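Okay, structure first, notes after.
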10 protein chains.
Amino acid sequence: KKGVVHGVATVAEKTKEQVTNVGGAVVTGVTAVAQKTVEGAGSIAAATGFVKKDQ
Amino acid sequence: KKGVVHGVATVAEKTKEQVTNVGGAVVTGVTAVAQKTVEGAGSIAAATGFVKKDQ
Amino acid sequence: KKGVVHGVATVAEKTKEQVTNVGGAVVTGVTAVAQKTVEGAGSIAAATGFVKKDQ
Amino acid sequence: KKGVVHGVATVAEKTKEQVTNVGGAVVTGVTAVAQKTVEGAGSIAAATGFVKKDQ
Amino acid sequence: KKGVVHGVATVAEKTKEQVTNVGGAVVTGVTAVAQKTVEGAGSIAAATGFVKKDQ
Amino acid sequence: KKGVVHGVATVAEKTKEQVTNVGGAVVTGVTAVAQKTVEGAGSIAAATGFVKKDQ
Amino acid sequence: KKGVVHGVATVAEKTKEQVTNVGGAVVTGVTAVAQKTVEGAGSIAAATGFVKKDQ
Amino acid sequence: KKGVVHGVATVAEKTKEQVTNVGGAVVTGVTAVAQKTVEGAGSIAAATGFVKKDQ
Amino acid sequence: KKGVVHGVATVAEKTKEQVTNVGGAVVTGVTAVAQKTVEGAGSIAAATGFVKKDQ
Amino acid sequence: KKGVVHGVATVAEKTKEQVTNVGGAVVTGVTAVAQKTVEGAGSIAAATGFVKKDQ
Ligand SMILES: O=C(O)Cc1cc(-c2ccc(C(=O)O)s2)sc1-c1ccc(-c2sc(-c3ccc(C(=O)O)s3)cc2CC(=O)O)s1
Ligand SMILES: O=C(O)Cc1cc(-c2ccc(C(=O)O)s2)sc1-c1ccc(-c2sc(-c3ccc(C(=O)O)s3)cc2CC(=O)O)s1
Ligand SMILES: O=C(O)Cc1cc(-c2ccc(C(=O)O)s2)sc1-c1ccc(-c2sc(-c3ccc(C(=O)O)s3)cc2CC(=O)O)s1
Ligand SMILES: O=C(O)Cc1cc(-c2ccc(C(=O)O)s2)sc1-c1ccc(-c2sc(-c3ccc(C(=O)O)s3)cc2CC(=O)O)s1
C-alpha cells in the first residue's frame, strides 16, 4: 500500500476508536465528576483535558 | 490501496467510533457531572475537554 | 481502493458512529448535568467540550 | 472502490450514526440538565458542546 | 463504486441516523432541561450545542 | 417555649423549605429526565423517590 | 424549652431544609438522569432513593 | 432544656439540613446519572440509596 | 439538660446536617454516576448505599 | 446533664454531621463512579456501602 499525508491524518484498519483533533476539544470517554463546593478566584477545580494559552 | 490526504483526514475500516475535528468541540462520550455549589470569580469548576486562547 | 481528500474527511466501513466537524460544536453523546447553585462572575461551571477564543 | 472529496465528507457503510457539520451546532445525543439557581454576570453554567469566538 | 463530492456530503448505507449541516443548528436528540431560576447579565445557563461568533 | 406532638409534625422557624408526608408522594425538587428507549418487562428505568410494597 | 413527641417529629430553629416522611417518598433535591437504552426483565436502571418490599 | 421522644425524632438548633424517614425513601441531594446502555435480567445498574426486602 | 429517648433519635445543637432513618433509604449527598454499558444477569453495577435481604 | 437511651441514639453538641440508621441505607457523602463496561453474572462492580443477607 501507499500513503502520503500532510497532517494531521489518522489512518488505520480494524480499529475500535479514532480521534483526530486540531483545535479545540474532543471528549469521547466516560467521565464522572461529583463535587460539593468550589470557591476561590480562580481555581481550576477538576480539569481532565485542558489547555490555557491566554495572551 | 492508495491514499493521499491534505489533512485532517481519518480513514479506516471496521471501526466502531470516529471523530474528526477542526475548531471547535465534539462531545460523543458518556459524561455525568453532579455539583452542589460554584462560587468565585472566575473558577473553571469541572472542565472535561477545554481550550482557552483569549487574546 | 483509492482515495484522495482535501480534508476534512472521515472515510470508513462497518462503522457505528461518525462525526465530522469544522466550527463549531457537535454533541452526540449521553450527558447528565445536575447542579444546585452557580455564582461568581464569571465561572465556567460545568464544561464538557469547550473552546474560547475571544479577541 | 474510488472516492475523491473536497471536504467535509463523511462516507461509510453499515453505519449507525452520522453527523457532518460546518458551522454551527448539531445535537443528536441524549442530554439531561437539571438545575436550581444560576447567577453571576456572566457565567457559562452548564455547557456541553460550546464554541465562543467573540471579536 | 465511485463517488466524488465537493462537500459537505454524507454518503452511507444501512444507516440509522444522518445529519448534514452548514449553518446553523440541527437538533435531533432527546433533551430534557429542568430549571428553577436564571439570573445575571448575561449568563449562558444550559447550553447543549452552541456557537457564538459575535463581531 | 413548649411543644407536644403526636407525629408527624415539622416545627421550625426561619425555614426555607418544609415537607411533611404520610403516604404517599411529594415532589418539590428540580428534576430532569432525558431518555431514549425503555424496554423489558418490567424494569424500573429511572426512579428517584420510590416505594413498592406489593402484596 | 420543653418538648415531648411520639414520633415522627422534626423540630428545629433557623433551618434551611426539612423533610418528614412516613411512607412513602419525598423528592426535594436536584436530580438529572440522562439515559439512552434500558432493556432486560427486569433491571432497576437508575434508582436514587428506593425501597422494594414485595410480599 | 428537657426532651422525651419515642422515636423517630430529630431535634436540633441552627441546622442547615434535616431528614426524618420511616419507610420509604427521601432524596434531597444533588444526583447526576448519565448512562448509555442497560441490559441483563436483572441487574441493578446505578443504585444510590437502595433497599430490597422481597419475600 | 435532660433527655430520654426510645430510639431512634438524633439530638443536637449547631448542627449542619442530620439524617434519621428506619427503613428504607435516604440520599442527601452529591453523587455522580457515569456509565457506558451494563450487561450480565444480574450484576449490581454501581451501588453506593445498598441493602439486600431477599427471603 | 443526664441521658438515658434505648438505642439507637446519636446525641451531641456543636456537630457538623450526623447520621442515624437502622435498616437500610443512608448516603450523605460525595461519590463519583465512572465506568465503561460491566459484564458477568453476577459481579458486584463498584460497591461503596453494601450489605447482602440473602436467605
Ligand atoms: O469563525 C471563523 O472564522 C473560523 C471558522 C469558520 C468556519 C466556517 C465554516 C462555514 C461557515 C459559514 O457557512 O458561514 S463559517 S470554519 C472555521 C475554522 C476552522 C478551523 C479553524 C482553526 S484551526 C486552528 C488551529 C489549529 C492548530 C493550531 C496550533 O497548533 O496552534 S491553531 C485555529 C483555527 C481558528 C483560529 O484562529 O482560532 S477556524
Ligand atoms: O480571559 C478572561 O479574562 C475571561 C475568563 C478568564 C477566566 C479564568 C479562570 C481561571 C483563570 C486562571 O487561573 O488564570 S483565568 S474565566 C473567564 C470568563 C468566564 C466567562 C466569561 C464570559 S461569559 C460572556 C457572555 C455571556 C453571555 C453573553 C451575551 O448574551 O451576549 S456574553 C462573556 C464572557 C467574557 C467576554 O467575552 O466578555 S469570561
Ligand atoms: O436475590 C435475587 O435473586 C434477585 C437479584 C439478585 C441479584 C444479584 C446480583 C449480583 C449478585 C451476586 O454477585 O451474588 S446477586 S440482582 C436481583 C434482582 C434484580 C431485579 C429484581 C427484580 S425487579 C422486579 C420487579 C419489577 C417490576 C415489578 C412489577 O411491576 O410488579 S416486579 C422484581 C425483582 C425480583 C423479584 O422480587 O421477583 S431481582
Ligand atoms: O413494611 C413494613 O412492615 C415495615 C415498616 C412499615 C412502616 C409503616 C409506617 C406507616 C405505615 C402506614 O401508615 O401504613 S406502614 S415502618 C416500617 C419499618 C421501620 C423499620 C423497619 C426495620 S429496621 C430493621 C433493622 C434494623 C437493624 C437491623 C440489624 O442490625 O440487623 S435490621 C429492619 C426493619 C424491617 C425488616 O425486618 O426488614 S421496618
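The label point for J:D54 and the one for D:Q55, both projected 7 Å from the Cα toward the Cβ, are 6.5 nm apart. Number of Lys-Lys pairs in chain E with C-alpha atoms under 25 Å apart and a separation of 8 or more places or on different chains: 5. Among beta bridges from DSSP that stay inside the protein assembly as shown, the antiparallel ones total about 0%.
Label separation (F:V27 vs D:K14): 4.3 nm, computed from points 7 Å beyond Cα along the C-beta direction. Between E:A32, E:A41, E:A12, the residue with the greatest mean-square fluctuation in the GNM of chain E (Cα pairs under 10 Å linked by springs) is E:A41. Close amide H partners of E:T20, meaning residues 5 or more places away or on another chain with modelled amide H under 5 Å apart, are D:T20. With the Cα gyration tensor of chain A giving a ≥ b ≥ c as the square roots of its eigenvalues, does the rule (a/c under 1.5 for rounded; else a/b larger than b/c for prolate; else oblate) give rounded, prolate or oblate? Note, shape of chain A comes out oblate.
Heads up, the Cβs are rebuilt from the backbone with ideal geometry, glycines too, and the neighbour counts pull from every protein chain shown. All of the numbers you see were taken from the coordinates with simple rules; none came from a lab.
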